[PDB]
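Architecture at a glance
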2 protein chains.
Amino acid sequence: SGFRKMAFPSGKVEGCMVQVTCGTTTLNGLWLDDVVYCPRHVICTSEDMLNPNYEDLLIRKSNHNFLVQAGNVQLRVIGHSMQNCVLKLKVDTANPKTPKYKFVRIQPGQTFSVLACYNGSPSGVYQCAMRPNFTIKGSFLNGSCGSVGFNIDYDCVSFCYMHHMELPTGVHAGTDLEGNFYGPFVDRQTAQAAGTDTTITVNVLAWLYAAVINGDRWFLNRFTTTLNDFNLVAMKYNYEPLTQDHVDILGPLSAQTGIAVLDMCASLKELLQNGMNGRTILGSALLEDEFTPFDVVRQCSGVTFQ
Amino acid sequence: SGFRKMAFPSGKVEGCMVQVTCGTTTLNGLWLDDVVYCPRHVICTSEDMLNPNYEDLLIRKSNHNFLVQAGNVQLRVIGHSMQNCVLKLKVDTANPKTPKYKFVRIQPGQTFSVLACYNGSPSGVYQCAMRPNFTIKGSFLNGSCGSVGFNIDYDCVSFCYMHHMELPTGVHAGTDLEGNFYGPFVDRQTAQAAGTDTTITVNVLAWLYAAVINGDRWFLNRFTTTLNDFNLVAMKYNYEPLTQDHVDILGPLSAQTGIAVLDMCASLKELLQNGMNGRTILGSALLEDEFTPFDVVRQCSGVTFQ
Ligand SMILES: O=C1CC(C(=O)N2CCN(c3ccc(CO)c(Cl)c3)CC2)=NC(=O)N1
Ligand SMILES: O=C1CC(C(=O)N2CCN(c3ccc(CO)c(Cl)c3)CC2)=NC(=O)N1
């Protein structure tokens, strides 16, 4: 029993984190095989941050301008190239702790674990979701750029995020591991703002199923709504509309509890219109939307990893 | 910026988790040097759980009754002994991934990271606090016994908790690594209940300082209370009393924000008597008490580990 914000074990990722220094700028890099991945703005100075020309800045650099450290061992850079907003540093030594990995781009609403690092040293791990406005509500300080987000499928590490910058509203933006930004953001210190965020409805429903599994049932009722009558109320409260695919994803949770998806939607509709009236659900007084249906199944059924 | 439930990187602990089987019972073990630590109830059957005599049960066992697996490698048990509620299995191979470690017993109110495991395989990591009633609000399923809690100081792993059982109210109880239970619990399936829980006041104050650092200031005021006038209100709402040592611990947070501790206590006193009125603090509609003053400093100043 119980329900926690659970992150993946970070051991397989800790061994891939390195320190990358170019000039007086130092951030984190991802060392896989003989390639080190890091944000390309590591080659920027104070004069370039507002209007950088990464083509010019990179052409004026050589391999010896990049200092890469794996703990105390120095990695000799034997080549460099730029793929979108990510810099790829070819090194002479292949990382012997390279796990089975792949590069995946996630969708809004999906969750992943973040290994926050500083000077190539892991500092902490936490779970977060990609928001519908393509930002994440992370916890990052100065020097955290290059920190990566990941999921673990069986024995394979799926890298999905590399941290690049913090927006003025305190939220964070980054790219996938191919260098392509999540959302309409660019890696230059211009006045960029994120669009309006919305609540991930399918995640709230999955979180309500986790509550029923753990004994919280006070919000239930015997009513039933349709998918269109629910979406009319949901859009009023800035909730993402619910689709038939979302219903099918919630299948296993509905079977384990014996509560149909449209039944639970009627309970969520009541919680949106009347509030929670000082009561709590799984120790929260707000509706949580950063647990996917898979996160609930994994935590309420117990699947490990190799 | 930002504030998350952040756990320690679990890499150094993942390499110490093994699978321990005795009869038809399988749980997790901690492999440090040539010793494997696991809960002693692994030697119990169905007939013994309600009234076990661990002296008799252990004397009727031999070294070959214990099957220890580190992944696929089998560890030959060359000796066994019992220290309080923990079984110590001497094996022929010393764990080459043994980090610098120590065994520490934590106090109520302190936090630690939990590496939840099943069949010796890590499944997830999360942060939790030792409650004033010596339980933890964990997330554990069947087979999680032997999972350990830990903190990381510099390069040293401080083990502080080993999971033993879940109580009927859904909370969890365990021992330190010397086998001594936290709280008045025993490892037999009798009807045990935890005492009344209270809110960790010093942790709430530390969490309020984290909010001010991150831009949440709506709850502040210019009033100031005394330590005794605050404790009179706190005990009314089942809050732990505040001591002068708690004030000194909050020193660095008060200096960084320029808000005295007694000033913040006046704000907490108002939040307890009037509620939050539908407003949120750091994305929560409740007062969070599972962040220590050290957790806030570490996340709002960025200290890594070796
Ligand atoms: O999330 C964070 C990250 C963070 C941090 O280390 N930064 C801020 C972003 N910065 C940067 C430099 C150049 C360019 C373009 O040349 C860009 Cl776009 C960004 C690197 C240093 N500080 C925080 O406070 N929070
Ligand atoms: O936290 C958890 C742990 C858990 C779990 O694996 N257990 C439950 C406790 N159990 C046990 C066996 C014998 C004795 C004394 O002989 C005792 Cl005290 C406990 C071992 C198996 N299942 C859950 O659902 N939650």
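Residues numbered from 1 in each chain as written, not as in the entry; some residues may be left out. Chains lettered and ligands numbered in written order. Heavy atoms only, no water.

Looking up chain A in the PDB entry gives the name 3C-like proteinase, with the organism given as Severe acute respiratory syndrome coronavirus 2. The title given for this PDB entry is "Room temperature X-ray structure of SARS-CoV-2 main protease (Mpro) in complex with HL-3-71".

1. Comments concerning the domain arrangement of chain A
Spelled out, the test is: What counts as a domain boundary in this text is fixed by an automatic or database domain assignment.
Segmenting chain A into domains produces domain 1 (11–91) and domain 2 (201–300). Placing the centre of domain 1 of chain A and that of domain 2 of chain A at their C-alpha centroids yields a distance of 44 Å.

2. Observations concerning helix α8 (residues 293–301) of chain B
In an α-helix, one turn spans 3.6 residues; hence positions three or four apart end up facing the same way. Cut-off, in case you're wondering: Burial status follows relative accessibility: with a 1.4 Å probe on protein chains alone, a residue under 20% of its type maximum counts as buried, one over 50% as exposed, and anything between as partly exposed. In this text, helices come from DSSP runs of H or I with a minimum length of four residues, and strands from runs of E with a minimum of two, each type numbered from the N-terminal end. Here, residues are in contact when the closest pair of their heavy atoms is within 4.5 Å.
Along α8 of chain B, the positions that sit buried rather than exposed are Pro293, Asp295, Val296, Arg298, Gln299 and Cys300 of chain B. Where α8 of chain B is buried, its residues contact β10 (121–129) of chain A together with β9 (111–118), β10 (121–129), α3 (201–213), α5 (244–249) and α6 (251–257) of chain B. Looking one or two residues beyond α8 of chain B, the residue adopting positive phi is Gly302 of chain B, at roughly 80°.

3. Quick look at helix α4 (residues 227–236) of chain B
Residue and element names in this part refer to chain B. The criterion, for reference: Within this analysis, the arc is defined by the directions that extend from the helix axis to the C-beta atoms.
Restricting attention to buried positions, one finds in α4 the residues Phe230, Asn231, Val233 and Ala234. Along α4, the residues classed as buried sweep out an arc of 165° about the axis, all on the same side. Opposite its buried face, α4 presents the exposed residues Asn228, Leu232, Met235 and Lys236, each directed more than 90 degrees away. Contact partners of the buried residues in α4: α3 and α7 (261–274).

4. Structural notes on the site of ligand 2
Residue and element names in this part refer to chain B. Convention followed: Any residue with a heavy atom lying within 4 Å of a molecule or strand is counted as near it. In the analysis that follows, any N or O atom pair within 3.5 Å is treated as a polar contact, provided that within protein one partner can donate a hydrogen and the other can accept it, and provided that, for residues neighboring in sequence, both atoms belong to side chains. Per-residue and other accessible areas follow the Shrake-Rupley method at a 1.4 Å probe size, with only the shown protein chains counted as cover for residues. Throughout, the ten residues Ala, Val, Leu, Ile, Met, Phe, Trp, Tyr, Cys and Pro are labelled nonpolar, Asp, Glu, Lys and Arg are labelled charged, and all others, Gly among them, are labelled polar.
Taken together, 17 residues sit near ligand 2, with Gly143, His163, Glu166, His172 and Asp187 positioned nearest. One of the backbone nitrogen or oxygen atoms of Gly143 is found 2.7 Å away from an oxygen atom of ligand 2. Contact between ligand 2 and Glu166: a nitrogen atom at 3.0 Å from a side-chain N or O atom of the residue. Burial of ligand 2 by the protein chains amounts to 81% of its free accessible area of 560 Å². At three residues, strand β12 (residues 156–166) tops the list of elements feeding residues into the shell around ligand 2. Here the shell around ligand 2 is composed, by residue class, of seven nonpolar, seven polar and three charged.

5. Here's the deal with the site of ligand 1
All names here are of chain A. Near ligand 1 there are 17 residues, and of these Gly143, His163, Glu166, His172 and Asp187 occur at the shortest range. One of the side-chain nitrogen or oxygen atoms of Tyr54 is found 3.4 Å away from an oxygen atom of ligand 1. One of the side-chain N or O atoms of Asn142 is found 3.5 Å from an oxygen atom in ligand 1. Protein chains shield 82% of the accessible area of ligand 1, which is 560 Å² for the free molecule. Looking at the shell around ligand 1, the element that brings in the most residues is strand β12 (residues 156–166), giving three residues. In terms of residue class, the shell around ligand 1 is made up of seven nonpolar, seven polar and three charged.

6. Focus on the side chain of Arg131 of chain A
Residue and element names in this part refer to chain A. Along the polypeptide, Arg131 turns up in the loop between β10 and β11 (148–153). Of the polar contacts made by the side chain of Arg131, one reaches the side chain of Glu290; its length is 3.0 Å. Residue contacts for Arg131: discarding those within four places in its chain leaves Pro108, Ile136, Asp197, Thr198, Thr199, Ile200, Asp289 and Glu290.

7. Observations concerning the interface of chain A and chain B
Rules: A 1.4 Å probe defines the accessible area here, and the buried area is the portion of it lost by two parts on being joined, summed over both. Counted as salt bridges are all cases of a side-chain nitrogen of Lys or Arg within 4 Å of a carboxyl oxygen of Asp or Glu.
Listed as interface residues are 45 residues of chain A and, on the opposing side, 45 residues of chain B. Counting the surface chain A buries against chain B, the share from its top three residues, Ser1, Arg4 and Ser123 of chain A, is 22%. Viewed at the interface, chain B and chain A are joined by two salt bridges. Residue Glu290 of chain A is joined to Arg4 of chain B by a salt bridge in which the shortest nitrogen-to-oxygen separation is 3.0 Å. Put simply, chain A and chain B have 25 residue pairs in polar contact between them. Counting residues per element, the ones that place at least two in the side of chain A that touches chain B are α1 (11–14), β9 (111–118), β10 and α8 (293–301) of chain A.

8. Digging into unusual backbone geometry
All names here are of chain B. In this structure, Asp33 is a non-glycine residue whose phi angle is positive, near 55°. Note that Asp33 resides in the loop between β2 (25–32) and β3 (35–39). Its identity is not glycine, yet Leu282 carries a phi of approximately 55°, on the positive side.

9. Some points on the packing of α3 of chain B against α8 of chain B
All names here are of chain B. Short version of the rule: Geometry is summarised by axes, namely lines fitted to C-alpha atoms with helices restricted to the contacting stretch, and by angles between N-to-C directions that run from 0 to 180 degrees. Every angle not falling under 35 degrees, over 145, or within 65 to 115 is termed oblique; those three ranges are roughly parallel, roughly antiparallel and roughly perpendicular. Crossing chirality is assigned from the near helix's rotation relative to the far helix, an anticlockwise turn below a right angle marking it left-handed and a clockwise turn marking it right-handed.
Between α3 and α8, the least distance of the axes is 8 Å, while the angle of their chain directions is 20°. One way to sum up the angle between α3 and α8 is to call them roughly parallel. The chirality of how α3 crosses α8 is right-handed. Side by side, α3 and α8 meet where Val202, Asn203, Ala206, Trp207, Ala210 and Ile213 of the first sit next to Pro293, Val296 and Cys300 of the second.

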